[PDB]
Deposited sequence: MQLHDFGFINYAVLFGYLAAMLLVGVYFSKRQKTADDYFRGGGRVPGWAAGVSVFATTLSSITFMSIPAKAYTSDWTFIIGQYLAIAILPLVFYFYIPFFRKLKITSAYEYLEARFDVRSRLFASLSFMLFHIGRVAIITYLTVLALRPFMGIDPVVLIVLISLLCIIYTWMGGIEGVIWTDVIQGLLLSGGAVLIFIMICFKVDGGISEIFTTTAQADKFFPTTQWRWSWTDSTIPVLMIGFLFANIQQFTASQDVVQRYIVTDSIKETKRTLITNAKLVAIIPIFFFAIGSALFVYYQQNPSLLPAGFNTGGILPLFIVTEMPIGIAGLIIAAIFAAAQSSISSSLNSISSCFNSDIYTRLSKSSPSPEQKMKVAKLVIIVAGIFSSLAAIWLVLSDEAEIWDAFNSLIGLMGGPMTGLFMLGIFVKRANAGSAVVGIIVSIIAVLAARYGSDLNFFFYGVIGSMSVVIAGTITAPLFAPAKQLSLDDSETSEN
């Protein structure tokens, strides 16, 4: 059904990822190797790794589906992510590097106290358990109708093999597989779009024309304020705070800021990522618009009532030659596994620093830290894999991202804020996002904005009620 040459390409890719993992296992001697990489990561490799970490099977599948069913207005969030990178570099990254963090949330205790650090660390770890499971399950849903294998078998290939080379290679193995996987998914995106242009009569010219005449690029009717609809202004506010969370308060990205040996190489990490974000996501939106025009020209090739979420997988397996199809399936695996490996290692770095090291009376030996470092990757991987099986054979935590982001903004920008007012901001923001999510029809893009700003506002107002702020 799927073919032998297609599987041979896919398992050639899977073998390469395992090989990179074994290679970098040789230098895994301390937790500083496993989590910080010994400063041996060049900036450009960390930058590709940031890009591959954030871009999962979520973007690979649902962005073309989004452009297919609607328009391109969500691409604004891509360039808002680039727009905030100078602010990240000048205000946040100096603290992460000078504190020589393993976990980004060590900043929160240095600025406030262990309460804010534990809140953000537990929220991150719990959220990214789900992110791994959701990434695995989305890849299964997209590939199961076309690979002809049991869904648990697919979960083993996607998740378990990724756990193995992640546990094997440390952050360096994670980063260098991310480099390979980031180039692969990017090349896959360009290749997919090119081959749709050949199969559409009129080529890219007809795709652009048909999409524009259907008003499926940037409909001016979406330039309007709304409290319920994902209009252009709403998604701009939502993606702004979703990107600030991703690049200032999220360990899987912040950890990349400290694997480089210098500030100059860190700046190049952001530049490398910005170049990929400016170019590669365009192709995923273009793939969606191209698939729209294609199945408007060939409506018989579309099953009646077909779920649009799998319109890109449907095209890939039916309209692309031998070997190329498996290369594209490898790029899909690459998009999923580059995000899973980063989440697992980052969950382990947070547990190692914020939980294991911080909450133990005696100081764990370097031997003990390494054991827990490798252990948590297996445990976090097992539970998120079982959750993925649960999702196939048959939100609340996500609302904490706002408060996590507000804590960092409060500490970095509000000097009067202290440990007590930060905790007040946490509690107030949790009430605010739960009220907005469950007691209103507010658009989901407002959740992160309400969580972040409630910590900033309440953490600033109630600051006099508590002892002085630590200077840091």
{"property": "Deposited-sequence stretches lacking C-alpha coordinates, listed in sequence order", "result": "1 to 4, 399 to 408, 487 to 496"}
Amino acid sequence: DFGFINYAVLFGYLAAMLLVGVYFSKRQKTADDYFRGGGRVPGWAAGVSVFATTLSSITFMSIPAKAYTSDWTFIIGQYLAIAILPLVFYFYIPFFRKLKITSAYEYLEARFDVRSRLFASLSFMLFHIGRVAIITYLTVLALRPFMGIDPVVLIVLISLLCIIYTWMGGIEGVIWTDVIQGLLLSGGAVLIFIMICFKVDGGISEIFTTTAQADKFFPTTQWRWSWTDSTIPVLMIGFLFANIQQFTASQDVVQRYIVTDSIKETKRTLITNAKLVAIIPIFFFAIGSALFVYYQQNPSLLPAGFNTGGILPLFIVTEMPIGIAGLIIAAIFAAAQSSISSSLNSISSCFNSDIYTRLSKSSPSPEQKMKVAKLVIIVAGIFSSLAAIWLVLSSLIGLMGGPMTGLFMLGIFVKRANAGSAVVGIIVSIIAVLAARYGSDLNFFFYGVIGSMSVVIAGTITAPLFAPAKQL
From here on, numbers count along this sequence of modelled residues.
| query | finding |
| --- | --- |
| 359 to 367 set against 346 to 354, stretch whose average Cα temperature factor tops the other in the entry | 359 to 367 |
| Stretch exceeding the other in mean C-alpha B-factor - 203 to 211, 172 to 180 | 203 to 211 |
| Options 77, 86, 310, 130 - largest CA temperature factor per the record | 310 |
| Candidate residues 190, 382, 135, 108, the one whose C-alpha B factor the record puts highest | 190 |
| Where the record places residue 12 (Cα B-factor, split into thirds across the chain) | lowest |
| Among modelled residues of the same chain, the CA temperature factor third for residue 413 | middle |
| Ranked C-alpha temperature factor of residue 437 among modelled chain residues, by third | highest |
| Where the record places residue 53 (Cα B-factor, split into thirds across the chain) | lowest |
| Among modelled residues of the same chain, the CA temperature factor third for residue 426 | middle |
